[PDB]
Amino acid sequence: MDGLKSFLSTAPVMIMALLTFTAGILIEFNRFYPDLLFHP
Amino acid sequence: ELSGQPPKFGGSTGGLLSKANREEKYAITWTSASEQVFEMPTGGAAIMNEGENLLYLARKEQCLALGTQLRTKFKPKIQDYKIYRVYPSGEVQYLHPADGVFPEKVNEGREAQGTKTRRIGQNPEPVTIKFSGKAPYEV
Amino acid sequence: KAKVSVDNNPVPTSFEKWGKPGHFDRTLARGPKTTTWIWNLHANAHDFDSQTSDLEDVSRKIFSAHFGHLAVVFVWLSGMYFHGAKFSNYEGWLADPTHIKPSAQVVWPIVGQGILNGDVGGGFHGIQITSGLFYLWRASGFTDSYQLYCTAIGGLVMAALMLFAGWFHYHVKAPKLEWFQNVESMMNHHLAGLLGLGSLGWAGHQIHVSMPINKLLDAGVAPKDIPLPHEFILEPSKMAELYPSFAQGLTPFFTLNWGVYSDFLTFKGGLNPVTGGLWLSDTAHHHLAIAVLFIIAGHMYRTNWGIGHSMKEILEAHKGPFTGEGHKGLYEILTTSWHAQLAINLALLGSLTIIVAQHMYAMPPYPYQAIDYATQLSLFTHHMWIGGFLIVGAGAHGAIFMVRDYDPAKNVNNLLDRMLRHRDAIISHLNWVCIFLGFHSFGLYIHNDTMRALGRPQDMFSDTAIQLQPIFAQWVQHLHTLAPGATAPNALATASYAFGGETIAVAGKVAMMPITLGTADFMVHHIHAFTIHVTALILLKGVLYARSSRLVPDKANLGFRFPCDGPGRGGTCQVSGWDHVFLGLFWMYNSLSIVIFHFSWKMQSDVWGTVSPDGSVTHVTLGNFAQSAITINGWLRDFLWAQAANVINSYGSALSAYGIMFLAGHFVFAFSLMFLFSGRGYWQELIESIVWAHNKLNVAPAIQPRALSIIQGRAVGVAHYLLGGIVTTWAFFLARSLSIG
Amino acid sequence: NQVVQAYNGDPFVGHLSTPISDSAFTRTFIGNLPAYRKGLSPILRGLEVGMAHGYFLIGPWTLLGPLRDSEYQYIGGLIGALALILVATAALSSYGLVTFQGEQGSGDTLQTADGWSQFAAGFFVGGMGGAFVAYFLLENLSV
Amino acid sequence: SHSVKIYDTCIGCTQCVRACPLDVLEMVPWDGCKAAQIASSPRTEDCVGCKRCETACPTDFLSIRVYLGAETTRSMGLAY
Amino acid sequence: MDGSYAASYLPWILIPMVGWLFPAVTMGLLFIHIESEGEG
Amino acid sequence: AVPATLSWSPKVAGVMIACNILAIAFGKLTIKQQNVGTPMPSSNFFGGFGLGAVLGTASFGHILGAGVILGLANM
Amino acid sequence: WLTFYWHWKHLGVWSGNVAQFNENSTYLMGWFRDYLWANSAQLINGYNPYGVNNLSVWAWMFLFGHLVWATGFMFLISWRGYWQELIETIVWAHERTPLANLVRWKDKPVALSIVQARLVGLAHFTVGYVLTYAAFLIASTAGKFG
Ligand code: CLA
Ligand code: CLA
Ligand code: CLA
Ligand code: CLA
Ligand code: CLA
Ligand SMILES: CCCCCCCCCCCCCCCC(=O)OC[C@H](COP(=O)(O)OC[C@@H](O)CO)OC(=O)CCCCCCCCCCCCCCC
């Protein structure tokens, strides 16, 4: 639907989507590789 | 002096104080074609008579607020309201409208006072007019 | 053959307007020109009165939105039920409730937050919960996780039904305005069909399900040997051997031989010695009597058969000499203005929530609740905060009504007019009483502080000094203690042991013991009175002076929510009703904070504690309230400093999340002062410079940024301030009460 | 029937008629007070007002004051009352000096510089009289 | 009392006069604008400095400016 | 109150004057001055 | 010490019927609107009452009878 | 911030327990607990239900500052128009009170101006801010060492 796509592309929905994507990236990288104080 | 027939009101505590009989008060008079209800700017609602009405208030702003209410909040509008200042000595000065025509519209016989001939950005610098007791707009 | 009247398909179901934000408002529909357009979008959203002038359309919108909030609440409830069914130790706690802490939140181990999954006993690791859901569920006869899961599924289904109901009753079949104005029919149905029927059904559930299960549980039966609840229906013999009167059947009810039911419909009072809660038979007769009363009351107003009173007649007929037209004209006020209804309902519901909080701790209904100090404190504070917010909203929306829906022509010499006509007297006398209360009450504290500081303890206002005995409350406590004797002959024990009597203790912890009142309690109660009268002063001045005032005679034309009339008249900042609400929020916060501090310290010092087998009681803070709570230094050292040892030292344990939160609370508070102490001109100039910076690199946005408006700045400041303070208090109370029992 | 109406016949003034604002008992009781009575010299007005206002001030220090425990109790109350009445007279004199220093009228003899000064002096002497008579009543023996 | 000054950028839009609640402004004939009228402030002794006139002015910055000065009973809007 | 410093009687009179007499006098004179009409 | 109640008996029936008839007598003169709503077939036997009035006075009669019977049983 | 840092570091130095600051100054809870909560114990016990010691004046001044600091928030948060309306009501009350109309004011009471309000609030704020920390510093250092 045209209106559905337009609503999905509004600012709050998009920023929430990007934020949750980045949060997932960080969460997974920290689950698999925890306690990274520096690059040895 | 002035006319009479005050509107039918039960009174309130938001009316005149000592200043009214010591410094000044204000009067507003108007002729209404029906005996109806209006809102008193001092709290509460009052019934204004059919015919001429006179009302005493403490501030000019209250009189003009009542005038605005009369002009806008009635289907048969009121255009003949008059506002006077009543001094404690009984001297009455007719304030509004000044010439009888409303100030919102252009009319001959006015003096055009308070007008500067320059833009607001061409005012003199404050430092140049120091020790003159005048701000840049005053010159 | 019904009063129903609706319109069919008034609003099409289309998706296009979802893609055009701000569609509701004429101004916002022109897209964003500055950033303020964004903020006005989120704020003007659910204000339908300004959006349209058709009262029927506004009413339909309100009805649908109420369906929406019902759906949201149902989703929340189903979430609680599911998270108690799957991620909790409810079945484990149900076996040894005096040795297992409740727990229904489990944390994923990702970055070390697995330390939060602390040991709650019985080999379960998770967050200890304080909402008291376990005691509520046990009081409901819950014994299996499958039943809780089914309850969650039912909640989800009900939420879906409410959402569909909103969509249908708005977008398809919307009731007409005359349907909404059936206040008589609405009151009849909601008093009898909602309150009375609900309480009757709950009493039926309590008698037929909850009471036998709890009776079996209190006798030592294992939670799995107890039959399923429907087995008491399919096999009525077991119900008849738990209660002999069930053998008698339904005959005594219809023959009015009700005495035989007294084995399971009692008037015991007091508390259950085993579970620490009220007897379920007492709640059974209680909800049953309440149901009967509400069903009777719902048959009062005439709807379609001429039998019954008429609200307008009663309103116009109750008028006296002092009041002119009296209560006349109020029916049209309350049947045409939504905001007046909202104000009345908000005030009443806030007071109701405060009463809930105040009555729910002295008479702990649920089993094993009074023994769980953290749950008591949490429930008390939570519902009191809810009540305070509701009352402030009552004031706000009353001012909104006065600005918007008021009409002078319909209120000539009625009660509203005469209120508006002696308002200076009201505000002056109320201001005087506020000053008097503040002076005498708080100066008592300051005087005590100074006398203690100077080494003059005999000049203080203490129990070993000049005494201020609340003899009236002492007398009422003495009376309420004597009630089981003669004044209420058919009662076994007092309504609550707070008034007096024996000390009820479950396990080793005191469940409820008498709460004496002395000099300190006198001072704190009068402090409460002072703060409440001051909050009432602020809100009442906001409501009464909304239309106009001596300073501004045409405040009504400026609207309800405007910042100022300018620097004229010496300065006219914060003259609207909105600013009055904004100022009243802080005072509500102050009053409720003092109230909850009083409750916490008094309970810790005189009620809660442990019991030795000899019979002596050791309180949590060793009864220091009666001597330290009479000075501000006492409230600082012996309460805020002494009781914060449990929260500051929470790092490295399962309570660390509170300590963090504690500090978080101390931060946002300070943050809010950026908005309360400043003004938007400075920020506008700073934004001008920053916009120059972004312009130099050709990166300036099309939507020109703007500093927040004055009203928005005040709102942001008050919101962040309240959030920070309340979060601080919540973290403090939870960390303190999870370390003493 | 309506016990509430306009204040003294003019509704437009900021006051309303109440059973305590213009009732017969209210006007009779107020009008016969020393500060509002008719045919009373300002000095005698001050004497009468000060007598009562200094009589009642003896109370709080005698029962609640720092010397309430000792035999020097009624004396402490007397000293406190005398100091309070002295400061009251100083404030009255200052008000009189700063208020009526412009034009003088005799429509009300209390609202004039000489009248207010006489009121203050009589108020002083009445305060002393009332405080001392209260002390004489309360204090045991000492005679 | 406050001082109200009208500069030569006025377009004779009359918004300032209507916005004034204490009747301080007035419309006078002029020639420098298309509307052939300009704003005047003959009764500045009644101006309270509420800045509504400036808020109504549509010209860039303000063709009408209000400078607050000595405070009298009128200019402070006192009813007592 | 008393002390062992020389001229112990000086505080007995000086402190009340600087606490009662001096403030009362200066506030009285200031109130009189700030209210004198005319001669602006 | 529970108050003593009464098992069903003809005297209880008489008390209930007396309370009901007193209730109808009260409603005969207290009700404002009576011939309103769904009517009754033989209206004359009910004093011109409608269905709603009959139901209201009968319910009030059962309520009054319940109160009186319980109070009397607790003599 | 400056004075808190200096005071904590020098308390550690004087006591010899430099390890406390070296460990707990890296996170804010250490500042809250080992500096604010820890050192306040001697100060607030200047006067007790059991007695009073020489730090009583410092505890009183500590509370005095905590009071004036809060008092400044009335002028910093609430603004003028509310107080002007309240003062109008008080003026009405005074003018209608028998036996009180005899005494009348010379200058008409008004609410403080906006700039005056900001200045007064800032002054109360600053006085409380200075007095509280002065009392805390003096009391803590004197009890611990003096
Ligand atoms: C005419 C015959 C008759 C007789 C002899 C009795 C006799 C009795 N009735 Mg009874 N009753 C009758 C008719 C009668 N009733 C009728 C017709 C009705 C229906 C209307 C009732 C309804 C009724 C109820 C509902 C109750 C009784 C009770 C009682 C017993 C105690 C009453 C009492 O004074 O204690 C009570 C004495 C008091 C001082 C308590 C009054 C104070 C209360 C708490 C104030 C409440 C405030 C209230 C909510 C605010 C007002 C709201 C609103 C009214 C405006 C007593 C044996 C009571 C009972 O059985 O107790 C075991 C009981 O609860 N009666
Ligand atoms: C039996 C009659 C009855 C009942 C129970 C209700 C109940 C309710 N009405 Mg209501 N109403 C009625 C008749 C009734 N009405 C009539 C006759 C009119 C016309 C005058 C209205 C007009 C009306 C308006 C205009 C509004 C309400 C609203 C509401 C809700 C208020 C929200 C609340 O308190 O949350 C309590 C919530 C609950 C207790 C949950 C109940 C969930 C559903 C809806 C109850 C279904 C029960 C039903 C009898 C089936 C049960 C059978 C069996 C399972 C036992 C509430 C659900 C408000 C609203 O929109 O809310 C949605 C509202 O604004 N009513
Ligand atoms: C039954 C409850 C109820 C209802 C139906 C309404 C309904 C309405 N109110 Mg009202 N109000 C209420 C309670 C209620 N109010 C209470 C309790 C208060 C006291 C605080 C107020 C105070 C109030 C004011 C001051 C105003 C309204 C206004 C309005 C109107 C719509 C504008 C609006 O607020 O929406 C939009 C609402 C928002 C955008 C709020 C969202 C932002 C909130 C504050 C954040 C909450 C954060 C949360 C608590 C925690 C999150 C933490 C974070 C980290 C995630 C509408 C008639 C406005 C009006 O005049 O309309 C006519 C208006 O100016 N109300
Ligand atoms: C500015 C300096 C200064 C200050 C702050 C103090 C402070 C104090 N003196 Mg002190 N004194 C001072 C100079 C000062 N003295 C000097 C120079 C002398 C020698 C003449 C004395 C002789 C003196 C005596 C003999 C006594 C005190 C006492 C006291 C204490 C009682 C309060 C008081 O000042 O009234 C009494 C003090 C005076 C009348 C001194 C006169 C004031 C001096 C001479 C000049 C001050 C001018 C000052 C700069 C004005 C600034 C204005 C500003 C606030 C706007 C108090 C701690 C009393 C005490 O210790 O009680 C226990 C006491 O008995 N003082
Ligand atoms: C600690 C901070 C503080 C304090 C003390 C006050 C005090 C007050 N506020 Mg306020 N307020 C505050 C913070 C504070 N506020 C904040 C943060 C806000 C922002 C929301 C507000 C918003 C606010 C509003 C909106 C209102 C008030 C009102 C009031 C007054 C209530 C009447 C009262 O308590 O009796 C008077 C004051 C006291 C008893 C304070 C204690 C004074 C001590 C105990 C006595 C001192 C003895 C003596 C003077 C010593 C003399 C010494 C000598 C040198 C002169 C009072 C003046 C209300 C008002 O106008 O009054 C009804 C009102 O409407 N305030
Ligand atoms: C009992 C606990 C201790 C409290 C003792 C304190 C009592 C002090 C004052 C007496 C209360 C009397 C109310 C009668 C008043 C009453 O009966 O109203 C009578 C009158 C209305 O009488 P009518 O018969 O004309 O009423 C027609 C009505 O049906 C409405 O039209 O109302 C007024 O005159 C209002 C004026 C009240 C103005 C005074 C307000 C006082 C506010 C402060 C209240 C203080 C006490 C608060 C306690 C919570």
# chains A, B, ... in the order shown; residues from 1 in each chain; ligands from 1
call {"tool": "residues_near_ligand", "arguments": {"ligand": "ligand 3", "cutoff": "8 Å", "atoms": "only C-alpha atoms and all ligand atoms", "output": "PDB file with N, CA and C atoms, in the first residue's frame"}}
result
ATOM      1  N   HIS C  42       3.470  16.069  17.782  1.00  0.00           N
ATOM      2  CA  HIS C  42       3.312  15.087  18.843  1.00  0.00           C
ATOM      3  C   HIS C  42       2.435  15.598  19.979  1.00  0.00           C
ATOM      4  N   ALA C  43       2.274  16.914  20.113  1.00  0.00           N
ATOM      5  CA  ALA C  43       1.530  17.480  21.233  1.00  0.00           C
ATOM      6  C   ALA C  43       0.065  17.736  20.904  1.00  0.00           C
ATOM      7  N   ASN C  44      -0.234  18.176  19.686  1.00  0.00           N
ATOM      8  CA  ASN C  44      -1.604  18.445  19.272  1.00  0.00           C
ATOM      9  C   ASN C  44      -2.338  17.199  18.802  1.00  0.00           C
ATOM     10  N   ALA C  45      -1.765  16.013  19.009  1.00  0.00           N
ATOM     11  CA  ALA C  45      -2.304  14.804  18.395  1.00  0.00           C
ATOM     12  C   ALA C  45      -3.643  14.415  19.007  1.00  0.00           C
ATOM     13  N   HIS C  46      -3.653  14.106  20.303  1.00  0.00           N
ATOM     14  CA  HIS C  46      -4.840  13.578  20.960  1.00  0.00           C
ATOM     15  C   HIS C  46      -5.702  14.665  21.586  1.00  0.00           C
ATOM     16  N   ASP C  47      -5.652  15.882  21.055  1.00  0.00           N
ATOM     17  CA  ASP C  47      -6.544  16.964  21.467  1.00  0.00           C
ATOM     18  C   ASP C  47      -7.551  17.144  20.337  1.00  0.00           C
ATOM     19  N   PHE C  48      -8.703  16.488  20.473  1.00  0.00           N
ATOM     20  CA  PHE C  48      -9.689  16.484  19.401  1.00  0.00           C
ATOM     21  C   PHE C  48     -10.617  17.688  19.440  1.00  0.00           C
ATOM     22  N   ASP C  49     -10.731  18.361  20.586  1.00  0.00           N
ATOM     23  CA  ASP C  49     -11.646  19.492  20.689  1.00  0.00           C
ATOM     24  C   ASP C  49     -11.237  20.620  19.754  1.00  0.00           C
ATOM     25  N   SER C  50      -9.938  20.893  19.657  1.00  0.00           N
ATOM     26  CA  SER C  50      -9.463  21.908  18.726  1.00  0.00           C
ATOM     27  C   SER C  50      -9.504  21.424  17.285  1.00  0.00           C
ATOM     28  N   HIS C 339     -14.506  17.948  29.113  1.00  0.00           N
ATOM     29  CA  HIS C 339     -13.429  18.304  30.027  1.00  0.00           C
ATOM     30  C   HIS C 339     -13.915  18.373  31.469  1.00  0.00           C
ATOM     31  N   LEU C 342     -14.000  14.902  32.619  1.00  0.00           N
ATOM     32  CA  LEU C 342     -12.634  14.445  32.832  1.00  0.00           C
ATOM     33  C   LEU C 342     -12.078  14.977  34.143  1.00  0.00           C
ATOM     34  N   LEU C 346     -11.137  12.510  37.116  1.00  0.00           N
ATOM     35  CA  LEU C 346      -9.729  12.450  37.480  1.00  0.00           C
ATOM     36  C   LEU C 346      -9.538  12.719  38.962  1.00  0.00           C
ATOM     37  N   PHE C 389      -0.742  12.101  40.517  1.00  0.00           N
ATOM     38  CA  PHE C 389      -0.772  12.526  39.122  1.00  0.00           C
ATOM     39  C   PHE C 389      -2.202  12.716  38.639  1.00  0.00           C
ATOM     40  N   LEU C 390      -3.099  11.805  39.022  1.00  0.00           N
ATOM     41  CA  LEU C 390      -4.489  11.927  38.592  1.00  0.00           C
ATOM     42  C   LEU C 390      -5.130  13.202  39.130  1.00  0.00           C
ATOM     43  N   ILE C 391      -4.851  13.549  40.387  1.00  0.00           N
ATOM     44  CA  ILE C 391      -5.442  14.762  40.952  1.00  0.00           C
ATOM     45  C   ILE C 391      -4.929  16.005  40.229  1.00  0.00           C
ATOM     46  N   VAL C 392      -3.625  16.049  39.950  1.00  0.00           N
ATOM     47  CA  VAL C 392      -3.089  17.195  39.220  1.00  0.00           C
ATOM     48  C   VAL C 392      -3.749  17.304  37.851  1.00  0.00           C
ATOM     49  N   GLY C 393      -3.968  16.167  37.193  1.00  0.00           N
ATOM     50  CA  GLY C 393      -4.669  16.197  35.921  1.00  0.00           C
ATOM     51  C   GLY C 393      -6.095  16.679  36.036  1.00  0.00           C
ATOM     52  N   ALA C 394      -6.758  16.343  37.140  1.00  0.00           N
ATOM     53  CA  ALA C 394      -8.084  16.888  37.399  1.00  0.00           C
ATOM     54  C   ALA C 394      -8.048  18.404  37.388  1.00  0.00           C
ATOM     55  N   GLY C 395      -7.109  18.982  38.134  1.00  0.00           N
ATOM     56  CA  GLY C 395      -6.976  20.433  38.127  1.00  0.00           C
ATOM     57  C   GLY C 395      -6.722  20.988  36.737  1.00  0.00           C
ATOM     58  N   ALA C 396      -5.820  20.344  35.993  1.00  0.00           N
ATOM     59  CA  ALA C 396      -5.469  20.825  34.661  1.00  0.00           C
ATOM     60  C   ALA C 396      -6.677  20.841  33.738  1.00  0.00           C
ATOM     61  N   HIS C 397      -7.393  19.726  33.662  1.00  0.00           N
ATOM     62  CA  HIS C 397      -8.492  19.652  32.715  1.00  0.00           C
ATOM     63  C   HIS C 397      -9.717  20.420  33.193  1.00  0.00           C
ATOM     64  N   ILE C 400      -8.890  23.668  31.792  1.00  0.00           N
ATOM     65  CA  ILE C 400      -9.155  23.592  30.356  1.00  0.00           C
ATOM     66  C   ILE C 400     -10.633  23.824  30.081  1.00  0.00           C
ATOM     67  N   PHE C 560      -5.817  28.451  26.747  1.00  0.00           N
ATOM     68  CA  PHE C 560      -5.414  27.784  27.978  1.00  0.00           C
ATOM     69  C   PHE C 560      -3.899  27.699  28.103  1.00  0.00           C
ATOM     70  N   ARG C 561      -3.206  27.449  26.996  1.00  0.00           N
ATOM     71  CA  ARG C 561      -1.774  27.167  26.997  1.00  0.00           C
ATOM     72  C   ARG C 561      -1.046  28.278  26.253  1.00  0.00           C
ATOM     73  N   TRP C 578      -2.161  26.581  32.258  1.00  0.00           N
ATOM     74  CA  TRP C 578      -1.130  25.578  32.020  1.00  0.00           C
ATOM     75  C   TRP C 578       0.060  25.787  32.940  1.00  0.00           C
ATOM     76  N   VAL C 581      -0.743  24.512  36.372  1.00  0.00           N
ATOM     77  CA  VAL C 581      -0.542  23.067  36.473  1.00  0.00           C
ATOM     78  C   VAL C 581       0.941  22.740  36.565  1.00  0.00           C
ATOM     79  N   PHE C 582       1.751  23.416  35.751  1.00  0.00           N
ATOM     80  CA  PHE C 582       3.187  23.180  35.758  1.00  0.00           C
ATOM     81  C   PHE C 582       3.776  23.454  37.133  1.00  0.00           C
ATOM     82  N   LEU C 585       2.620  20.674  39.725  1.00  0.00           N
ATOM     83  CA  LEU C 585       3.273  19.371  39.634  1.00  0.00           C
ATOM     84  C   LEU C 585       4.401  19.243  40.652  1.00  0.00           C
ATOM     85  N   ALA C 715       7.662  22.386  29.994  1.00  0.00           N
ATOM     86  CA  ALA C 715       7.204  21.002  30.020  1.00  0.00           C
ATOM     87  C   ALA C 715       8.375  20.032  30.094  1.00  0.00           C
ATOM     88  N   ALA C 719       9.065  17.541  33.242  1.00  0.00           N
ATOM     89  CA  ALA C 719       9.038  16.108  32.982  1.00  0.00           C
ATOM     90  C   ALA C 719      10.338  15.448  33.414  1.00  0.00           C
ATOM     91  N   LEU C 723      10.788  12.817  36.564  1.00  0.00           N
ATOM     92  CA  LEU C 723      11.345  11.508  36.260  1.00  0.00           C
ATOM     93  C   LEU C 723      12.572  11.228  37.114  1.00  0.00           C
TER      94      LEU C 723
END
call {"tool": "residues_near_ligand", "arguments": {"ligand": "ligand 4", "cutoff": "10 Å", "atoms": "only C-alpha atoms and all ligand atoms", "output": "list in words"}}
result
residues 1, 2, 3, 5, 6, 7, 8, 9, 10, 11, 12, 13, 14, 15, 16, 17, 18, 19 and 22 of chain F
call {"tool": "residues_near_ligand", "arguments": {"ligand": "ligand 6", "cutoff": "12 Å", "atoms": "only C-alpha atoms and all ligand atoms", "output": "MDAnalysis selection string"}}
result
(chainID C and resid 314:330 413:419 422:423 425:430 432:433 472:473 529 533) or (chainID D and resid 1:4 18:20)
call {"tool": "residues_near_ligand", "arguments": {"ligand": "ligand 5", "cutoff": "9 Å", "atoms": "only C-alpha atoms and all ligand atoms", "output": "PyMOL selection string"}}
result
(chain C and resi 430-447+530-531+533-535+537-538+541+580+582-587) or (chain H and resi 66-79+82-83+86-87)
call {"tool": "residues_near_ligand", "arguments": {"ligand": "ligand 1", "cutoff": "9 Å", "atoms": "only C-alpha atoms and all ligand atoms", "output": "JSON, numbers by chain"}}
result
{"C": [487, 488, 489, 490], "G": [2, 3, 19, 63, 64, 65, 66, 67, 68, 69, 70, 71, 72, 73, 74, 75]}
call {"tool": "write_last_selection", "arguments": {"atoms": "N, CA, C and O atoms", "output": "tab-separated table (two decimals), in the first residue's frame"}}
result
chain	number	residue	atom	x	y	z
C	487	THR	N	-19.85	-2.05	69.62
C	487	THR	CA	-20.32	-1.17	68.55
C	487	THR	C	-20.59	-1.94	67.26
C	487	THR	O	-21.46	-1.54	66.47
C	488	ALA	N	-19.85	-3.02	67.03
C	488	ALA	CA	-20.10	-3.96	65.94
C	488	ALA	C	-20.11	-5.35	66.57
C	488	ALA	O	-19.10	-6.06	66.55
C	489	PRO	N	-21.23	-5.75	67.17
C	489	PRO	CA	-21.24	-6.98	67.97
C	489	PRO	C	-20.90	-8.24	67.19
C	489	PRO	O	-20.32	-9.17	67.76
C	490	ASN	N	-21.23	-8.29	65.90
C	490	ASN	CA	-21.02	-9.50	65.10
C	490	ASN	C	-19.68	-9.50	64.39
C	490	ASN	O	-19.55	-10.13	63.32
G	2	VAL	N	-23.71	-15.82	65.47
G	2	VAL	CA	-24.34	-15.36	64.23
G	2	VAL	C	-25.82	-15.11	64.49
G	2	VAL	O	-26.47	-15.89	65.21
G	3	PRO	N	-26.40	-14.03	63.95
G	3	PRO	CA	-27.84	-13.79	64.16
G	3	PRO	C	-28.67	-14.95	63.64
G	3	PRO	O	-28.34	-15.57	62.63
G	19	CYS	N	-45.47	-6.85	53.05
G	19	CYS	CA	-44.49	-5.87	52.61
G	19	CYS	C	-44.70	-5.51	51.15
G	19	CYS	O	-44.61	-4.33	50.77
G	63	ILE	N	-37.55	-6.49	48.32
G	63	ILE	CA	-36.47	-5.89	49.11
G	63	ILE	C	-36.96	-5.57	50.52
G	63	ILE	O	-36.30	-5.88	51.52
G	64	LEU	N	-38.13	-4.92	50.62
G	64	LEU	CA	-38.68	-4.57	51.92
G	64	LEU	C	-38.98	-5.81	52.73
G	64	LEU	O	-38.73	-5.85	53.94
G	65	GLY	N	-39.53	-6.84	52.09
G	65	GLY	CA	-39.80	-8.08	52.78
G	65	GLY	C	-38.54	-8.74	53.29
G	65	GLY	O	-38.51	-9.26	54.40
G	66	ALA	N	-37.48	-8.74	52.48
G	66	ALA	CA	-36.21	-9.29	52.93
G	66	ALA	C	-35.71	-8.56	54.17
G	66	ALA	O	-35.35	-9.19	55.17
G	67	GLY	N	-35.71	-7.23	54.11
G	67	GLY	CA	-35.25	-6.46	55.26
G	67	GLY	C	-36.07	-6.73	56.50
G	67	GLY	O	-35.52	-6.99	57.58
G	68	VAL	N	-37.39	-6.70	56.37
G	68	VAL	CA	-38.27	-6.88	57.52
G	68	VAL	C	-38.16	-8.29	58.07
G	68	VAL	O	-38.12	-8.49	59.29
G	69	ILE	N	-38.11	-9.30	57.19
G	69	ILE	CA	-38.03	-10.68	57.65
G	69	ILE	C	-36.72	-10.92	58.39
G	69	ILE	O	-36.71	-11.56	59.45
G	70	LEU	N	-35.61	-10.42	57.86
G	70	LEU	CA	-34.34	-10.62	58.55
G	70	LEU	C	-34.32	-9.87	59.88
G	70	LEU	O	-33.86	-10.42	60.90
G	71	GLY	N	-34.82	-8.64	59.91
G	71	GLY	CA	-34.87	-7.90	61.16
G	71	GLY	C	-35.75	-8.57	62.20
G	71	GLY	O	-35.42	-8.59	63.39
G	72	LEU	N	-36.88	-9.13	61.76
G	72	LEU	CA	-37.78	-9.80	62.69
G	72	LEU	C	-37.18	-11.11	63.18
G	72	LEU	O	-37.28	-11.44	64.37
G	73	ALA	N	-36.56	-11.88	62.28
G	73	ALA	CA	-35.87	-13.10	62.70
G	73	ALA	C	-34.78	-12.79	63.71
G	73	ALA	O	-34.52	-13.58	64.62
G	74	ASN	N	-34.12	-11.64	63.56
G	74	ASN	CA	-33.17	-11.16	64.56
G	74	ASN	C	-33.88	-10.31	65.61
G	74	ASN	O	-33.51	-9.17	65.87
G	75	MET	N	-34.92	-10.86	66.23
G	75	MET	CA	-35.66	-10.14	67.26
G	75	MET	C	-34.86	-10.09	68.55
G	75	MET	O	-34.02	-10.95	68.80
call {"tool": "residues_near_ligand", "arguments": {"ligand": "ligand 2", "cutoff": "7 Å", "atoms": "only C-alpha atoms and all ligand atoms", "output": "compact mmCIF listing (two decimals) with C-alpha atoms, in the first residue's frame"}}
result
# COMPACT_ATOMS: atom_id res chain seq x y z
CA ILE C 62 -12.94 9.62 22.46
CA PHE C 63 -14.90 6.36 22.48
CA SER C 64 -12.51 4.73 20.01
CA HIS C 66 -10.77 4.54 25.06
CA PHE C 67 -11.10 1.22 23.25
CA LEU C 70 -8.26 -0.79 26.95
CA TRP C 179 -26.56 8.10 22.39
CA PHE C 180 -23.68 9.54 24.41
CA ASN C 182 -27.84 9.07 27.91
CA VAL C 183 -26.19 9.79 31.24
CA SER C 185 -28.88 4.91 31.07
CA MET C 186 -25.08 4.99 31.23
CA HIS C 189 -25.81 0.10 33.21
CA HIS C 190 -22.37 0.94 34.60
CA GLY C 193 -24.00 -4.16 34.93
CA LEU C 194 -20.32 -3.29 35.40
call {"tool": "select_by_dssp", "arguments": {"residues": "chain D", "states": "alpha helix (DSSP H)", "output": "ChimeraX atom specification"}}
result
/D:24-31,42-55,59-64,74-99,113-138
